[PDB]
Ligand SMILES: *Cc1cc2c(cc1C)nc1c(=O)[nH]c(=O)nc-1n2C[C@H](O)[C@H](O)[C@H](O)COP(=O)(O)OP(=O)(O)OC[C@H]1O[C@@H](n2cnc3c(N)ncnc32)[C@H](O)[C@@H]1O
Ligand code: NA
């Protein structure tokens with residue numbers, strides 16, 4: 001009898017719950033665990049945000065709206081900023097398709113991005129060391145996000161707003177009537193007028209036909225020092241190697257620099273198959289090829305993580321209503337660059353719930369593409 005059932009109250013679903021309840025809807029929130037947990041793709045301290053987007057021009061207006069919502073959310077917690085404006089530097093070769101989309105999309109949307117020289121960056125940040133052939137695009141208004149905190153707050157805000165939340169209770173199957181959507185759980189049976197499916201990286205074993213492939217990814221913490229910090233103006237980064245390998249990174253927190261590879265990772269299929277940090281042996285030395293070249297004074301790996309990419313076959317998002325049911329909307333294509341969008345994706349779901357209006361065009365996130 002609910003107005004809306006959220007299947008996965010994770011990073012996308014947590015937003016979806018808050019916005020849909022604040023919209024004034026009778027909402028049910030579900031997860032398999034206790035939302036800020038270690039079983040999804042929201043754990044680890046931080047998640048990156050970039051406006052001038054190298055992945056594609058199609059993302060820009062959404063991440064711009066996302067940023068607005070992150071700013072509005074950060075308001076609710078004074079002692080702990082959810083968004084930190086450290087800035088984001090984009091590193092890579094001058095003739096790269098990725099940096100070509102950062103520069104082009106900065107121009108159209110009037111974004112604060114500085115083209116910087118190979119010698120220029122080394123002169124501004126002595127610690128960052130690139131080939132002479134390289135170029136850097138510094139983003140001023142960008143930075144990163146406290147991913148765990150973002151969930152934590154979205155839940156309590158929803159919980160206070162009268163949202164019904166069923167957390168440690170996995171969903172087992174989705175059923176369709178003609179009015180709305182039923183979900184049978186190992187607990188009981190609940191239904192709503194509409195539904196949003198955001199079970200994330202394991203939605204496959206709840207909706208098997210989807211063309212999304214979970215992949216074991218890992219980020220790690222290396223030993224840094226005060227001059228690699230936000231205090232010393234050190235920015236969060238994305239790098240390209242002559243390899244074509246992409247790396248993401250964050251300004252050293254308390255004497256620790258967080259890095260990760262983006263392009264690789266070993267393919268898995270079960271939640272059990274996600275072996276913890278040090279268990280497979282690429283992990284401890286995964287960020288090394290970037291670190292010795294680009295950040296040579298960065299030292300040893302200290303500890304690290306265990307996350308999973310929700311990969312689509314073209315690496316773009318899947319934001320579409322289910323093939324047979326306009327009744328239900330799913331968000332799942334988020335292939336490792338989705339958290340920055342969490343806030344905006346919850347809003348468009350809240351809009352969807354009260355059959356409201358987009359602004360954005362979600363055409364390139366069709367389910368149709370494939371075939
Ligand atoms: C893997 C990864 C991702 C990542 C990243 C680094 C790594 C190693 N760095 C990022 C970054 O720097 N900047 C950025 O914008 N994104 C980055 N990402 C991607 C990001 O983590 C993900 O896009 C996003 O966090 C995941 O979104 P989503 O909401 O779809 O997935 P989730 O947070 O894990 O939430 C899903 C929830 O659903 C629950 N669940 C799963 N199955 C069920 C069933 N069947 N029943 C009920 N609930 C279910 C999960 O428990 C989870 O809480
Ligand atoms: Na993901």
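Here the Cβ is made from the backbone with ideal geometry for all residues, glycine too, and neighbour counts use every protein chain on show. The values are calculated or read from the model by the stated rules, or taken from the named source; none is laboratory data.
Before moving on, here are some points about what is shown:
Residues checked against (1) surrounded by 14 or more Cβ atoms within 10 Å (Cβ to Cβ); (2) out of contact with any helix residue (DSSP H, G or I) (no Cβ under 8 Å at 6 or more places or on another chain):
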{"site": "205", "(1), (2)": "no, yes"}
{"site": "215", "(1), (2)": "yes, yes"}
{"site": "254", "(1), (2)": "no, yes"}
{"site": "308", "(1), (2)": "yes, no"}
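- Residue in the stretch 131-143 that is assigned to a helix (DSSP H, G or I) and either outside the structural domain of residue 12 (by CATH) or surrounded by 15 or more Cβ atoms within 10 Å (Cβ to Cβ) (or both) present: no
- Residues of the stretch 283-326 satisfying the condition of being more than 30 Å from residue 208 (Cα to Cα) and without any contact (Cβ under 8 Å) to a residue 60 or more places away in the chain: 285, 288, 289, 290, 292
- Cβ-Cβ contacts under 6 Å between residues 6 or more apart (or on different chains), taken from a first residue in the stretch 73-101 that is free of Cβ contacts under 8 Å to residues at least 24 places away in the same chain to a second residue that is assigned to a loop (DSSP other than H, G, I, E, B) and crowded, with 17+ Cβ neighbours inside 10 Å, are listed as 74/82.
Every residue, every condition in (1) within 16 Å of ligand 2 (Cβ to nearest atom); (2) not in a strand (DSSP E or B), yes or no:
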{"position": "196", "(1), (2)": "no, no"}
{"position": "203", "(1), (2)": "yes, yes"}
{"position": "211", "(1), (2)": "yes, yes"}
{"position": "215", "(1), (2)": "yes, no"}
{"position": "221", "(1), (2)": "no, no"}
{"position": "224", "(1), (2)": "no, yes"}
{"position": "230", "(1), (2)": "no, yes"}
{"position": "234", "(1), (2)": "no, yes"}
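- Only one of the listed residues (17, 40) is crowded, with 23+ Cβ neighbours inside 10 Å and within 16 Å of ligand 2 (Cβ to nearest atom). That residue is 40.
- Count of residues meeting criterion [part of a strand (DSSP E or B) and more than 9 Å from ligand 1 (Cβ to nearest atom)] in the stretch 180-194: 9
- Against the test of being under 30 Å from residue 182 (Cα atoms) and away from ligand 1 (no atom under 14 Å from the Cβ), the options 355, 314, 310 yield a single qualifying residue, 355.
- Residue 330 meets the conditions (1) within 20 Å of residue 219 (Cα to Cα); (2) surrounded by 21 or more Cβ atoms within 10 Å (Cβ to Cβ); (3) within 16 Å of ligand 2 (Cβ to nearest atom) in every case but one. The failed one is (1).
- Residue tally, condition farther than 21 Å from residue 16 by Cα and free of Cβ contacts under 8 Å to residues at least 12 places away in the same chain, over the stretch 176-188: 2
- Test result for residue 192, within 16 Å of ligand 2 (Cβ to nearest atom) and in the same structural domain as residue 47 (by CATH): no
- Cβ pairs under 7 Å, 6+ apart, first in the stretch 328-348 and farther than 19 Å from residue 367 by Cβ and touching a residue at least 40 places away in the same chain (Cβ under 8 Å), second part of a helix (DSSP H, G or I) and near ligand 1 (Cβ under 6 Å from one of its atoms): 339/11; 342/11; 342/12; 346/12
- The conditions of being assigned by CATH to the domain that holds residue 234, in contact (Cβ under 8 Å) with a residue 12 or more places away in the chain and within 16 Å of ligand 2 (Cβ to nearest atom) are met by residue 66.
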